[PDB]
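Everything below concerns the one structure shown next.
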Amino acid sequence: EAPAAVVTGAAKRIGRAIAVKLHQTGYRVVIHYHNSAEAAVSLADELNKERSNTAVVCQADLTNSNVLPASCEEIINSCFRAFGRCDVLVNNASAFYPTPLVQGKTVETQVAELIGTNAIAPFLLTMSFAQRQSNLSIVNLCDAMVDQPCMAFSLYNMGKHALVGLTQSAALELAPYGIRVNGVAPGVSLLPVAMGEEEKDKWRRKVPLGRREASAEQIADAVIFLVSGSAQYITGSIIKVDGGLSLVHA
Amino acid sequence: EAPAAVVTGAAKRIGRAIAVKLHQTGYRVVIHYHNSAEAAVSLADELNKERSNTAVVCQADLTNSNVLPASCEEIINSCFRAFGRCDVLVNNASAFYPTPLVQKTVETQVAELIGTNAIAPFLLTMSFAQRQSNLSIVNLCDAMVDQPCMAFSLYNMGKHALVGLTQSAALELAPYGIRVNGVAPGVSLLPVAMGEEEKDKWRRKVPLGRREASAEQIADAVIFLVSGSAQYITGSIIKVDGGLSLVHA
Amino acid sequence: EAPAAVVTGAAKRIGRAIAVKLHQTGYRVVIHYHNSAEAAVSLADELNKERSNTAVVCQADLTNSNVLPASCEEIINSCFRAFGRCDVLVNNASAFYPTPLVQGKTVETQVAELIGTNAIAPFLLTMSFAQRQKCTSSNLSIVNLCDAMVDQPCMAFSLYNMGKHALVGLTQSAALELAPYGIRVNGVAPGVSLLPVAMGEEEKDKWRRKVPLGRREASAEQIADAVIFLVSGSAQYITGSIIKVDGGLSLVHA
Amino acid sequence: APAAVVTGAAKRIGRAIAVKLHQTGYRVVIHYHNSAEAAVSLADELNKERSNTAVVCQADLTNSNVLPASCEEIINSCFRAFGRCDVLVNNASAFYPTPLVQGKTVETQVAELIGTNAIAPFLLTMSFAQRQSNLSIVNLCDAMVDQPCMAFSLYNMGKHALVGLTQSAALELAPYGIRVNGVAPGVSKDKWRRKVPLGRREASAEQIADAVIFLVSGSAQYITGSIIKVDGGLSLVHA
Ligand SMILES: NC(=O)c1ccc[n+]([C@@H]2O[C@H](COP(=O)([O-])OP(=O)(O)OC[C@H]3O[C@@H](n4cnc5c(N)ncnc54)[C@H](OP(=O)(O)O)[C@@H]3O)[C@@H](O)[C@H]2O)c1
Ligand SMILES: NC(=O)c1ccc[n+]([C@@H]2O[C@H](COP(=O)([O-])OP(=O)(O)OC[C@H]3O[C@@H](n4cnc5c(N)ncnc54)[C@H](OP(=O)(O)O)[C@@H]3O)[C@@H](O)[C@H]2O)c1
Ligand SMILES: NC(=O)c1ccc[n+]([C@@H]2O[C@H](COP(=O)([O-])OP(=O)(O)OC[C@H]3O[C@@H](n4cnc5c(N)ncnc54)[C@H](OP(=O)(O)O)[C@@H]3O)[C@@H](O)[C@H]2O)c1
Ligand SMILES: NC(=O)c1ccc[n+]([C@@H]2O[C@H](COP(=O)([O-])OP(=O)(O)OC[C@H]3O[C@@H](n4cnc5c(N)ncnc54)[C@H](OP(=O)(O)O)[C@@H]3O)[C@@H](O)[C@H]2O)c1
Ligand SMILES: COC(=O)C1CCN(C(=O)c2ccc(CNC(=O)c3ccc4nc(N)sc4c3)cc2)CC1
């Protein structure tokens, strides 16, 4: 019987590539999304055309609020209702924008979005995943540049640092239940389509390996390794997939 | 002419020892407290007895909420109200208790553990910088942040976030001449609720002297980081842990 | 045509498991050894019986000395002599024993063995590997066997620990410098895997009980699996990364 | 009065560290390899302030069969002159590129970069501990150790090895009451200055010395195994 995975933020870009590769590997998938319903649905239809009844969508805002714990419990529950099991959780969804310390969202909204998506929702999803429970594992999408932060991204960086701590804390606490918890830390991967090529090229030229950003598929390949039987003794580990970018001095 | 410092959670234990040592160094101090009103007022009385008009208390809950920004702004404002300047912020206040992943609401636990340990330091940092010699912020971090205690996920996430803030704010505020650094205790003053046998278990793990840090030993590192002897140091986190973080399982 | 790999210290234990797994993946292998001549030849025979002319042995002491550079050069040369190419280098060989700071080999012999095998030989083999290279198919990489407990060191193992820290530095320095040549450099960091043969069962079980995931050591094959991942096309954008394979051991406090 | 050994003390950071320890009340052994005139000039300056408080000690810190005996004699020079040795500062350092892809032989570069930067500190640490209050060792580390300079593999390996020695020695010597810590300068030319967050300028040697003074002081009595970056924020700046 086929295993099942939840991927958050799976409608586009990296989470889409993760959902596709997990599906190619034999997993049934819950495609979580927030705003991108048309893209989430189009991915589910493509996957179900490949193998019937192997993909469902689940909508939820992962912003921190009074209701976030119920939302995260519902994402996990949707995997059990669709597929009768939940073997893999991939915490991929992420808000990313600057929050300068010195001078139309209020700062508490920015806190709820950046700390909720990057850290609190992963924690609540992790709680719900474990409470509901073979090769069980969680993969958190971290950031290879977490210790050389972008200027004016403090709340984003705090959320990603918190996710490192969750990855380590959850690996230790869930090891007795046989649940592994690991991370994949991209450097620069898919850049914004709207970003000018001159700016994209500034970033690409910083990468030692190939002077080019990672494809979403290269990020997905590390996720596939971590959930596989080839990683059965790996927990608490964060694999950078960054072409050497984090090793480059200013 | 005397510089002024804010110390959060300064009524007792490590924050008290920091406020006392800054006051001894020449600083005027805002003693922030949440519940420990009698202890905060007693400390301000003791410091004012030594030099009049050099200490005030300021009450605030640093749990995350939609009014936490205004509370954090008010803490910094109280320093400018009392002393006309604010040269040093020490982010010391902290909630600490277990939050098991497998069986207060969980959103209250998030508000308290992430709010005190990370969001309030962030908002206090924003207010400190915006409201602006030798300006600096010192965050009390945790030397054991990468060897977490079992069932302390949300606490550990908050302290990891505080490392991120220390580094991000160091980078961003360097052009304003504000340095941002951390002091990471291992085991210092053990929780009041702790039994004697458990206290001794933790003392025996420490390589250097088989004992916990005094609060004054933690305060000494804070003093160094705010001093002119640390003027080229920013983004650094000094472990004051007697070697504890280097001991394997 | 099949790619070829050098594995150092490959006669037994983890290095043997890595050579076997690379062989099963389709590589031709140089089985480097120092003292374990019988075990090396027995392994090369087993692999040659599976597929003809796909394994050779290569003997070398990797202790530091003025001839270590020539010895490392000759290991790499042996892969090209046997197989016409050298696609992967796995730096696995390692000396491991205590060197207490406060009170038999001289201290300079201990330096030569612990820093030579764990750091200088990997450096020289990396130089010789890269120099011997100098388009749609190439997948060149180096994997260094590191140590997940490098920052929580064992009491009285200073020189061993300095060697493994040096190897982290080489991994990151070589990843940066060789990236322009298309050579990726990564590490695999066991926690406790195959316990030293010298150890009694009680002492082995003390270590087993510390591991969060399963309260047991990693099998040699589990270590080799991470090596296979890093040399594979599934790791084509990964360089300078060190993957812990430690069942959570490095996360456990005192 | 306590006594300190400072290696590579004739110039630059090591000189500033010797001056500041001397100003704090230490007697000092000024180690040198080639800079005898400069070492003696410093000893003359310190001894003019306080008589018989500064001596010099020649040694090559390149790894060789005789390095252990040389390192033992540096520590013994401290005990000879002053009757005690409270502080060891491992400051001496060789620094140059060793490209992996192509006139010292590579094994000479190993002996100099790994020997001066890591093996000499290890042997000096052994001799210091064997010969044994506020005892401590301070190792000059590198704040850029995990974002290495291109083509500096052997230098970087040596500085990584020095982080391992700092941590291993802190653990092993804690029971002896010997603390072991590091100070990691960043940059201590205008291209480099411009990337530094704090003031777009390099660290004075005196700023490095200030962190050493803190770590050997009674204000750091609970601190061991810690490496303090003194780099103006540079290590936090992305490429
Ligand atoms: N791209 C890179 O270079 C890079 C670099 C370092 C780390 N990473 C990490 O890798 C992961 C994937 O990166 P990516 O570039 O693919 O991410 P992305 O496009 O920025 O975001 C992924 C998805 O996150 C979901 N998300 C955002 N805010 C949300 C909210 N409030 N509630 C629920 N879901 C929300 C969105 O879903 P909808 O579209 O459905 O609203 C979005 O499509 C992220 O965790 C990111 O931090 C990426
Ligand atoms: N003690 C140790 O071993 C140790 C080890 C590692 C790190 N640290 C760090 O060092 C710092 C000081 O440690 P400590 O043991 O002295 O701390 P603590 O006694 O646990 O707490 C410090 C103070 O924080 C304040 N606080 C707690 N919740 C708050 C809230 N919701 N709003 C506002 N203030 C609140 C309390 O003030 P009131 O009393 O006024 O309510 C409390 O007295 C902390 O950041 C801690 O994480 C300590
Ligand atoms: N085993 C573990 O739990 C563990 C834990 C952490 C890290 N690691 C790392 O993983 C790697 C493999 O571990 P292992 O236990 O399989 O290693 P090991 O059995 O201790 O040693 C592997 C091989 O190293 C070779 N070697 C030793 N000194 C040498 C010298 N002077 N010249 C040339 N070769 C020399 C030996 O070859 P001959 O037998 O031919 O003489 C030996 O069989 C090592 O790098 C180790 O540091 C292992
Ligand atoms: N300058 C910086 O920006 C910077 C940055 C990062 C780290 N650091 C570290 O901080 C420390 C001091 O830096 P610095 O710039 O003042 O050092 P430096 O001038 O490069 O060298 C310090 C002294 O080391 C001695 N030395 C070199 N090779 C030796 C050998 N084979 N035997 C014995 N002594 C030898 C030399 O003494 P003689 O002159 O007597 O021959 C030299 O004057 C070093 O550990 C360095 O790696 C410095
Ligand atoms: C008779 O007992 C022995 O086997 C001796 C060697 C191992 N030993 C230990 O104290 C010790 C330290 C750490 C461990 C856990 N680490 C490993 O087993 C380990 C770690 C690194 C490593 N590198 C190699 N080349 S083999 C190797 C093994 C096990 C034993 C001293 C006594």
Side-chain angles (χ1 to χ4, degrees), chain C residues 64-69 72 98-102 106-108 110-112 115-116 118-120 122-124 126-131 133 147 150-178 180-181 183 185 240, chain D residues 63-68 71 97-101 105-108 110-111 114-115 117-119 121-123 125-130 132 142 145-176 178 180 225:
Chain C
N64 194 43
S65 75
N66 287 349
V67 311
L68 184 59
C72 291
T99 60
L101 289 172
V102 188
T106 66
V107 68
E108 282 291 348
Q110 295 175 317
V111 165
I115 305 302
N118 286 288
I120 308 317
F123 162 76
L124 293 168
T126 294
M127 281 192 70
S128 289
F129 176 92
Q131 189 75 49
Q133 302 309 321
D147 185 330
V150 75
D151 289 315
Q152 285 126 280
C154 288
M155 179 66 73
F157 279 80
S158 285
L159 282 172
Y160 168 77
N161 185 244
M162 290 163 70
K164 287 298 202 196
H165 253 285
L167 188 55
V168 170
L170 171 62
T171 302
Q172 296 178 154
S173 281
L176 271 182
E177 191 178 346
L178 300 180
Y181 300 80
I183 299 167
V185 185
Chain D
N63 198 31
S64 74
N65 59 329
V66 308
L67 188 55
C71 289
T98 59
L100 287 174
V101 180
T105 68
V106 59
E107 278 294 345
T108 295
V110 170
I114 308 304
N117 272 300
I119 310 308
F122 158 81
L123 293 166
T125 294
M126 287 194 79
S127 289
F128 176 90
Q130 194 65 50
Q132 300 302 331
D142 183 328
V145 76
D146 288 314
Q147 288 134 260
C149 293
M150 175 65 76
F152 280 75
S153 281
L154 272 182
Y155 171 74
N156 183 240
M157 286 165 67
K159 289 296 202 194
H160 251 281
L162 188 63
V163 172
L165 171 62
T166 302
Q167 292 177 162
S168 290
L171 183 86
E172 191 168 348
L173 307 178
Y176 299 85
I178 298 171
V180 184

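Lettering of chains follows the sequences in order, A, B, ..., and the numbering in each one begins at 1.
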Sorted by chain and number, sequence neighbours left out, ring pair (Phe, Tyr, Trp, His ring centres under 6.0 Å) with C:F123 holds for none
In terms of heavy-atom pairs under 4.5 Å with chain D, the winner among C:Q152, C:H165, C:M155, C:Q172 is C:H165
Of the listed C:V107, C:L124, C:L159, the one with the largest count of heavy-atom pairs under 4.5 Å with chain D is C:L159
| request: Would you check if the side chain of D:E172 reaches a backbone N or O of C:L101 as a donor-acceptor pair within less than 3.5 Å? | output: yes
| query | Below 4.5 Å, heavy atoms only, C-beta onward: do C:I120 and D:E107 meet side chain to side chain? | reply | yes
CG (C:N66) and OG1 (D:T105) are apart, to the nearest 0.5 Å, by 6.5 Å
Looking only at D:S127, D:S168, D:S64, most heavy-atom pairs under 4.5 Å shared with chain C are made by D:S168
If one checks every heavy atom of D:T108 against chain C at 4.5 Å, the contacting part turns out to be neither
Minimal heavy-atom distance between C:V102 and D:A129, with the atoms involved, is CG2-CB, 3.9 Å
For C:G169 and D:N156, the nearest pair of non-hydrogen atoms, with its separation, is O-OD1, 3.2 Å
Answer key: most heavy-atom pairs under 4.5 Å with chain D among C:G163, C:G240, C:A156 is C:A156
Most heavy-atom pairs under 4.5 Å with chain D, out of C:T171, C:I115, C:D151, C:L167, belong to C:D151
